[PDB]
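Chemist: need a structure here:
(chains A, B, C, D and E, ligands or ions: 7)
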Amino acid sequence: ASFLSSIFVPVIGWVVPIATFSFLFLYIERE
Amino acid sequence: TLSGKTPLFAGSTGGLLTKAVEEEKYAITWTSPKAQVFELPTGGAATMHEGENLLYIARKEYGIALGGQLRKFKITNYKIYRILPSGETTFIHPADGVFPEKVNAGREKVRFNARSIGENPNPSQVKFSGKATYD
Amino acid sequence: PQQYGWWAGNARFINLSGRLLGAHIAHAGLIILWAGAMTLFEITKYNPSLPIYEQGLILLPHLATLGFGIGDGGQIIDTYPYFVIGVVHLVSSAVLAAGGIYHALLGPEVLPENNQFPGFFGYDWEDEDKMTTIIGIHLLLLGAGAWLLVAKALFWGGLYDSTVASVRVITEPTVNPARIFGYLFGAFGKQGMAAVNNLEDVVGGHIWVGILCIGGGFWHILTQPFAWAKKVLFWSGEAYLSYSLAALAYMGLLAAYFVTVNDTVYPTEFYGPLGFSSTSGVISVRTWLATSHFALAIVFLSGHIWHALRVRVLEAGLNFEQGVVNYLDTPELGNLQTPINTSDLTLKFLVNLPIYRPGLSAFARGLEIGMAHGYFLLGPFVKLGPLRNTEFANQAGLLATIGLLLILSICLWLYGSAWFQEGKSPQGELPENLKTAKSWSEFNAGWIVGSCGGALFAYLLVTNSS
Amino acid sequence: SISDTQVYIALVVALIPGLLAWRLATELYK
Amino acid sequence: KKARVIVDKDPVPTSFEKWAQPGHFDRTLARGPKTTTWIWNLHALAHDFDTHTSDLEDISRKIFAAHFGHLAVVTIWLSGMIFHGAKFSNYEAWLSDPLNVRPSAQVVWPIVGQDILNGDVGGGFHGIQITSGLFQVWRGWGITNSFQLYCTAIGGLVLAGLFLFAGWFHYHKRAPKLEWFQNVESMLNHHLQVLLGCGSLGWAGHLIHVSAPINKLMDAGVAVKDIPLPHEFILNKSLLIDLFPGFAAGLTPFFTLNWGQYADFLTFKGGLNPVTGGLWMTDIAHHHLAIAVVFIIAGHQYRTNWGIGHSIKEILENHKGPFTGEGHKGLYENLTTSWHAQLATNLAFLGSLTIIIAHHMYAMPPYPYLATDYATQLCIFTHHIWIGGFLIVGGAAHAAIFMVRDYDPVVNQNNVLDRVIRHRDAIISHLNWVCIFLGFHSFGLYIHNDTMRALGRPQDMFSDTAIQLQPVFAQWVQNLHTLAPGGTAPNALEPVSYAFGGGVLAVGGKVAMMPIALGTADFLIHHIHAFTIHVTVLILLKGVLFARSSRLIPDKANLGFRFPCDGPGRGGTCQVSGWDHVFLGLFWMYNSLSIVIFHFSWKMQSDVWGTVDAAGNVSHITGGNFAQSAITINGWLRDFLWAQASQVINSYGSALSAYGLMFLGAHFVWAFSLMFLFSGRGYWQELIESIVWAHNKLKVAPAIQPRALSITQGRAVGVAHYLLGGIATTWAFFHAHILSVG
Ligand code: CLA
Ligand code: CLA
Ligand code: CLA
Ligand SMILES: CC1=C(/C=C/C(C)=C/C=C/C(C)=C/C=C/C=C(C)/C=C/C=C(C)/C=C/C2=C(C)CCCC2(C)C)C(C)(C)CCC1
Ligand SMILES: CC1=C(/C=C/C(C)=C/C=C/C(C)=C/C=C/C=C(C)/C=C/C=C(C)/C=C/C2=C(C)CCCC2(C)C)C(C)(C)CCC1
Ligand SMILES: CC1=C(C/C=C(\C)CCC[C@H](C)CCC[C@H](C)CCCC(C)C)C(=O)c2ccccc2C1=O
Ligand code: SF4
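Modeler: Residues are numbered from 1 along each chain as shown, chains lettered A, B, ... in the order given. Ligands and ions are numbered 1, 2, ... in the order given. What follows is the structure:
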């Protein structure tokens, strides 16, 4: 189960920020 | 419609940015009795021409500031124009040809409150309403 | 002419051919005088007990390497060859002196241009053929001079060799192009052309230089300069001077590097130990030659720049009174015109970058930009990453690069998505074919493909460095 | 410690407040 | 026209009337106080003479008289230092034993137990150990007894008296006209030739006739009582001949250009005297002679009354090129009509010079027994760096004051000053960038290193044992200066400084000076200096270039030099004034110089200073920990601040206890400053309202209505206490540490 750390920590570190900042950027610039 | 030659030594990095092309631009015209040096709104010693001068400016505050400096040169015939990207020039100062500090008949009171400032309502009174306490 | 002050007095006869000629023969004479007179000056105070390198004799080392009166172990046994050479120059100086003072003021101010033989020597800075022929004419004499060194190295005695410390005759010159030109490509050492370690490559080098100079000699006298040369170069008389100064500066630095590191063509028995060495407090001949000609190369580079920038200002139709800093034809605009932002070189370069270059599709722009950025971005990740000192240094670096380029691809998609909102075109200095949502998608597709490719290509070159 | 199965159940059970947190957040935005 | 003495007689009648009329000098202040703001304004405007009167002649007279005042107080101070040396010091004991006795010239009175501060300083004397280097100055002067100091002190009090009289006389009695003041060519001639040239010739005289002989005998181990008095070397030539044979030749070799006959008392030795570890007096003699000649020649450049000479206006006007339009035309008028333009220049370059002096004095310790007095070395370096930094920021302030008040567009049209104003956005944008670049690629390397060390990855650090950043250029320059003697300086025996290279020079057991090797820690700290200087310049240059106007406030010159803002509009215009850029530049000057003196302190203690074994092995004060520690912030926190603060925090119940109290006191004053900097006037005026209510309630409300400090004064008080507190902390730290280990 320890292997989940190798999946989740990179996701919370990179995937989640990129996805969140990408969406929020597109939302705050929507006209 | 804007007549006047651009003053000598009018060049600097403090001039018009992309806003002047995209949003809005201002011009200030004035008739000088004599060619004389004046400080530009955004730095640099420019030279007025004898006769009609036209200076493009990013902000209306540049015009009013320069206007104040032209008054020190005994010049009170300066006109500020707002210019839109469609080339819609609008004369904006002095609005009615008379300077705003001088009283002119025809002008109506705008945003006048017929009360002392102490007589404004409390914020609680105008809560969840559209109106503010200074309305 | 008359606008130039006495301090810039030699600029008065730029357009006057006679004075300019007379000045060149006169200065030639001055170089000959020095070469000849200082050879005698050095002969007069040669102590055969003490070595040459710590006496302060510069020309005798240059005569010594040619193998003029030396026995075994680089020992100067006879000095008559130094005297005969010294006097030959010193008399040639007096003949060139005469020629100098004649063409200066006694001769005509302008060399006449006509169909007669005296007419040939006359020239104009605009007629490009006549200068090209003069380039070729004097190139034949550079070739001749290189073949005279070869003849000295092969037939007339030979050259001094530091391997056996004797004056061996050269018989088998290296006529292999791959070997001799390999020096230009840094094949046989990090030092390049200054990494020569035998006379066989030196004679071989001067064969190749000899035939190239003679080959170029025939070319330039029999051909006029083509339309591509007609556009890229400046054609004022001061433009040619600035080019020649760039060459002299390059040659000065070349010889300064040679004398510093090379010991074959500059023997340690004459010039002294390699690098910068001082024996018994006395500075070695090598150090003097190296450091002087390094300093003169920096000065002659400063001369190239000065004379080149002056040409570029004059040809732009700018004077030095109003200057090189102007306004944008609309003074009240932000920017100023400067040689950094408005120079034809700057404008031509920027316009021709893939982002601005006419006739490139949105994809092709992205692709070229991608390839360039993807290529150079590999370096830092490979060579400074956490796995840089492991077997996975290149592979780690490549995956990092692809990684960064994928986030940069998302950044592009975000930038486009933000701006392209049904009709409203993006602000900023875009090309006309990147002002639609589909064109921007193509540009992003271009970037991705380009950047991945550029990275992959750098990786294939890095991993196959063998 | 706890089994790999128990960790996988917890993650699947954690999708429930994950879903409902999304639904509440979207409803609170209106 | 001709330079001549032209004065008005009895321009200002002397009377105590105006002494009884506080704020007489300003028309606004003359009406009297209504609020407590008046009391501040009085002091704030006191010496702002441009606001007193419009007349440039009256301003020039006030400035000339004030200077005689400042010369008088500086002479009183220098006389006091020498008097305290004569009366309340162990100078004579210290002469007999320089290496063992500790210099002290301040004795504390026995009251409330403060006599503890009178520590055992050696020479059977109890007092505060001094770090001003006065003993090393007086030894260099060739002073050998208390009587010579008494004479010098009294002489000073007479000179201070003369300076007071001069200031009163040249204001109240015979005040020069503006014509006099504007003779810049005559002033430069007299100040180059007499003040500097004849001062340096005069001093060469003293060195050659008094200092060199007396010091030579003291270095030969002759007892102070046995050494002849300085006049005995003039009256009895035989004594001087014995030390310097060249005096046998007399003055004829000077007039016949046989100057080699003086090679024994006018030397170019280089390095340091091995006895004292200071520069050779004979080198210093020849220096001051050579300086004197170059100055006396230099000060015949400017035309006065005889046609020969340059006019500075013509020089300036002629220096223009194809980038700079009219070039330096109009700058002569700026510098001869504005006192602020001169004060800007003189503060900028005197400040820059004081920092050069700091560097040159540690590397080439000019005084005998200075190099080994590690307390003096650290303190005079730090002192002169601080004075330098304040003067430079003053330069920028008065440059901005000039731009707001004294700048004329007509004089300065298409000149270098006009043209810098026209690309000020290009200047500040580029300087902004280079500041961020230097910040990332200097400080970011420390953060990289801290993180790598913390993650247990020392191989990934920027260090000598990891990814190296060798300062190859500084390393190459050190080598050139080390090879100079015999090579590119043939007539030099040693290098100018052992810092560049050569050997470790040691006096007593201790290292006077040795080569200061540069590596990754030296590369990193140098790029921190570059960063912190470029950011200070960004702030100050932005202050001067945007003082008159900006894209935000077009009419900023009308608001003046010192105004708090132009209101919360335009998003908020807090601290746009040239004054507020000086305010922000002071913090960055403080930040910059703090890291400079910390760099010096740690580098010298780890890599230079220390004891020398008989074999010749150097044991440094902090055992060369700089290379591995000074490459992380944690290393600075631990091995510098934490480690070396042990002496100051453990000083209570000893003679260094005062530094322990100063250390806390300074930490307090610093923290107190944050009240002024972080808060605003609005809060304090509203609090004062309630306090005023209570005073009104008990009928003790003052007629002079209490006001919260002005927005500008709030900031001025803030930065004052911040600098005082911060600098005083380091001062207490440095002393307590270096008076224990050094
Ligand atoms: C929060 C989570 C997080 C995680 C899990 C990581 C993980 C990593 N970082 Mg760190 N980093 C982070 C936050 C994070 N970072 C932040 C906030 C900063 C700024 C303070 C940094 C600053 C930093 C620096 C300066 C460096 C790292 C490096 C690394 C790698 C070192 C391991 C190694 O030596 O193998 C070697 C591993 C590789 C060479 C890369 C493996 C493949 C990459 C991760 C992705 C491949 C493409 C991917 C499939 C798709 C696109 C990318 C993305 C959208 C997912 C590792 C992948 C080092 C590195 O190697 O950079 C690339 C490195 O130099 N990080
Ligand atoms: C700010 C300066 C700074 C610098 C220079 C470095 C440098 C480095 N870091 Mg460190 N780091 C820093 C701050 C810094 N760090 C900070 C603040 C942290 C957070 C605490 C870290 C945390 C960290 C981690 C966790 C790791 C690193 C690592 C590294 C190394 C590899 C990084 C890499 O591959 O990036 C690649 C860089 C680029 C792709 C950008 C290159 C920029 C180019 C060269 C600019 C070119 C401009 C050009 C000259 C101008 C135009 C050219 C013209 C022709 C047009 C490298 C030595 C890694 C390592 O392994 O250490 C050895 C690693 O694992 N760093
Ligand atoms: C520690 C305290 C601190 C710090 C870090 C800063 C930082 C800065 N100041 Mg400030 N300043 C400070 C105190 C500080 N100041 C105080 C107390 C005052 C009141 C006097 C000021 C007043 C002031 C003025 C008047 C000016 C500055 C300016 C600057 C900037 C200079 C440019 C630079 O170096 O950029 C580089 C950035 C740094 C050195 C910060 C650290 C960088 C880290 C190590 C790298 C990034 C790591 C990583 C990528 C982080 C993100 C990842 C994460 C989100 C996952 C810089 C951002 C100047 C400026 O803006 O000019 C350019 C300027 O003119 N400051
Ligand atoms: C000095 C100078 C300069 C220069 C510099 C630089 C900029 C450098 C860099 C460089 C670089 C930056 C380069 C680059 C290159 C690149 C390359 C060479 C690429 C390649 C690529 C490829 C070939 C690819 C391929 C592919 C693709 C695309 C896709 C698919 C896959 C493949 C692989 C097939 C300039 C001009 C600015 C200016 C003047 C001065
Ligand atoms: C420390 C002090 C002091 C003291 C001081 C003193 C004591 C000083 C002095 C000074 C001096 C004592 C100086 C002098 C000088 C001099 C000079 C500067 C001279 C010059 C000369 C010359 C220049 C010459 C010339 C000539 C002639 C005449 C003839 C022949 C020729 C000739 C050229 C050689 C006092 C008390 C104030 C207090 C404070 C501190
Ligand atoms: C504390 C603080 C105050 C309050 C401080 C004030 C009003 C200063 C008052 C202190 C002095 C020392 C009062 C002196 C009064 C008498 C002269 C003392 C007479 C008694 C002596 C003779 C002993 C501000 O006004 C302020 C304004 C703007 C920004 C920040 C701040 C800020 O931080
Ligand atoms: S907060 Fe203070 S400084 Fe800022 S705008 Fe308001 S009054 Fe002015």
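
Chemist: just the element for the residue lying closest to residue E:709 once chain neighbours are set aside, please.
Modeler: Nearest residue to residue E:709, sequence neighbours excluded (Cβ to Cβ, 6 or more residues apart in numbering or on different chains): residue E:717, at 6.1 Å. Where you see a C-beta, it was placed from the backbone N, CA and C, and this is true even at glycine. Assigned by DSSP states H and E, residue E:717 belongs to helix E:711-741.

Chemist: likewise for residue D:5?
Modeler: Going by DSSP H and E, residue D:5 is in helix D:4-29.

Chemist: elements contacting the helix holding residue E:717?
Modeler: When contacts are defined as 3 or more Cβ pairs under 8 Å, 6 or more residues apart in numbering or on different chains; DSSP states H and E, helix E:711-741 packs onto helix E:374-405, helix E:578-607, helix E:643-644, helix E:646-649, helix E:657-678.

Chemist: what's the closest of those to ligand 3?
Modeler: Evaluated with Cβ to the nearest ligand atom, the helices and strands packed on helix E:711-741 place helix E:578-607 nearest to ligand 3, the distance being 3.2 Å.

Chemist: and that closest one, what does it pack onto?
Modeler: By 3+ Cβ pairs under 8 Å, 6+ apart, helix E:578-607 packs against helix E:374-405, helix E:520-545, strand E:618-620, helix E:626-629, helix E:711-741.

Chemist: got the buried residues for it?
Modeler: Within helix E:578-607, the residues scored as buried using 16 or more other Cβ atoms under 10 Å in any protein chain shown are E:578-590, E:592-594, E:596-607.

Chemist: report whether it contacts ligand 3.
Modeler: Yes: against ligand 3, helix E:578-607 shows contacts by Cβ under 6 Å from any ligand atom at E:584, E:587.

Chemist: any residues touching stretch C:397-413, and which ones?
Modeler: A:18, A:22, C:370, C:373-374, C:377-378, C:381-383, C:385, C:387-388, C:440, C:443-444, C:447-448, C:451-452, C:455-456, C:458-459, C:462 (Cβ atoms under 8 Å, 6 or more residues apart in numbering or on different chains).

Chemist: and whatever residue of the stretch 301-450 of chain E ends up closest to ligand 1, how many neighbours does it have?
Modeler: With Cβ to the nearest ligand atom, the shortest gap between the stretch 301-450 of chain E and ligand 1 falls at residue E:448, namely 8.2 Å. Neighbour count of residue E:448, defined by other Cβ atoms under 10 Å in any protein chain shown: 16.

Chemist: just checking, residue B:56 touches residue B:29?
Modeler: No: Residue B:56 is beyond contact range of residue B:29, at 10.6 Å (criterion: Cβ atoms under 8 Å).

Chemist: please report how far the spatially most central residue of chain A lies from residue A:23.
Modeler: The centroid of chain A falls nearest to residue A:16 when counting by Cα atoms, centre = their mean (1.1 Å). Counting by Cβ to Cβ, to the nearest Å, the separation of residue A:16 from residue A:23 is 11 Å.

Chemist: check residue E:450 too.
Modeler: 34 Å.

Chemist: among these two, which residue is more densely surrounded?
Modeler: The residue with more neighbours, out of residue E:450 and residue A:23, is residue E:450; 18 against 11, by other Cβ under 10 Å.

Chemist: what helix or strand is the more buried one on?
Modeler: Counting by DSSP H and E, residue E:450 is part of helix E:424-454.

Chemist: buried ones in that helix?
Modeler: By 16+ other Cβ under 10 Å, the buried positions in helix E:424-454 come out as E:424-428, E:431, E:435, E:438-439, E:442-443, E:445-446, E:448-450, E:452-453.

Chemist: if you count contacts, what does that helix end up packed against?
Modeler: In terms of contacts (3+ Cβ pairs under 8 Å, 6+ apart), helix E:424-454 is packed against helix E:520-545, helix E:633-635.

Chemist: could you look over these and pick the most buried one?
Modeler: Neighbour counts (mean count of other Cβ atoms under 10 Å in any protein chain shown) averaged over each of the helices and strands packed on helix E:424-454 peak at helix E:520-545, with a mean of 22.

Chemist: returning to that earlier point: got a markdown table for the helices and strands packed on helix E:578-607, with distance to residue E:98 too?
Modeler: Below are the helices and strands packed on helix E:578-607 laid out as a markdown table (distance: least, Cβ to Cβ, whole Å):
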| stretch | distance to residue E:98 |
| --- | --- |
| helix E:374-405 | 12 |
| helix E:520-545 | 32 |
| strand E:618-620 | 21 |
| helix E:626-629 | 29 |
| helix E:711-741 | 17 |
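
Chemist: which helix or strand contains the residue nearest to the centre of chain A?
Modeler: helix A:16-28.

Chemist: can I get that helix in PDB, CA atoms only?
Modeler: Output of helix A:16-28 as PDB, limited to C-alpha atoms (Å, rounded to 0.1, in the frame of the first residue of the first chain):
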ATOM      1  CA  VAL A  16      -3.900  19.000  -8.700                       C
ATOM      2  CA  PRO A  17      -2.100  22.500  -8.800                       C
ATOM      3  CA  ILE A  18      -1.900  22.500 -12.600                       C
ATOM      4  CA  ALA A  19      -5.600  21.400 -13.000                       C
ATOM      5  CA  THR A  20      -6.700  23.900 -10.200                       C
ATOM      6  CA  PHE A  21      -4.500  26.900 -11.500                       C
ATOM      7  CA  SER A  22      -5.400  26.100 -15.200                       C
ATOM      8  CA  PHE A  23      -9.200  26.100 -14.400                       C
ATOM      9  CA  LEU A  24      -9.100  29.200 -12.000                       C
ATOM     10  CA  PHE A  25      -6.900  31.100 -14.600                       C
ATOM     11  CA  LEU A  26      -9.500  30.300 -17.300                       C
ATOM     12  CA  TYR A  27     -12.400  31.200 -14.900                       C
ATOM     13  CA  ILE A  28     -11.000  34.600 -13.700                       C
END
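
Chemist: chain center to it: distance?
Modeler: Distance, stretch centre to chain centre, for helix A:16-28: 8 Å (Cα atoms, centre = their mean, to the nearest Å).

Chemist: now for that helix, which elements pack on it?
Modeler: So helix A:16-28, by 3+ Cβ pairs under 8 Å, 6+ apart, packs with helix C:393-419.

Chemist: ok, is the helix it packs on in contact with ligand 4 or not?
Modeler: No: figure legend: helix C:393-419 not in contact with ligand 4 (Cβ under 6 Å from any ligand atom); closest approach 12.0 Å.

Chemist: hmm, back to that, quick one: contacts of the helix holding residue A:16?
Modeler: C:407, C:410, C:414, C:417, C:418.

Chemist: what's the answer for stretch C:47-65, then?
Modeler: The contact list for stretch C:47-65 (Cβ under 8 Å, 6+ apart) reads C:35, C:38-39, C:42-43, C:45-46, C:70, C:74, C:76, C:81-82, C:85, C:159-160, C:265-272, C:279-280, C:282, C:284-286, C:288-289.

Chemist: closest to residue B:119 out of the helices and strands packed on helix E:578-607?
Modeler: helix E:711-741 (30.6 Å; Cβ to Cβ).

Chemist: how about that closest one against ligand 7, any contact?
Modeler: Yes: Helix E:711-741 reaches ligand 7 (Cβ under 6 Å from any ligand atom) through residue E:711.

Chemist: from residue E:583, how far out is residue E:566?
Modeler: For residue E:566 relative to residue E:583 (Cβ to Cβ), the value is 16 Å.

Chemist: which SS class is residue B:30?
Modeler: Put simply, residue B:30 is strand when judged by DSSP: H, G, I helix; E, B strand; the rest coil.
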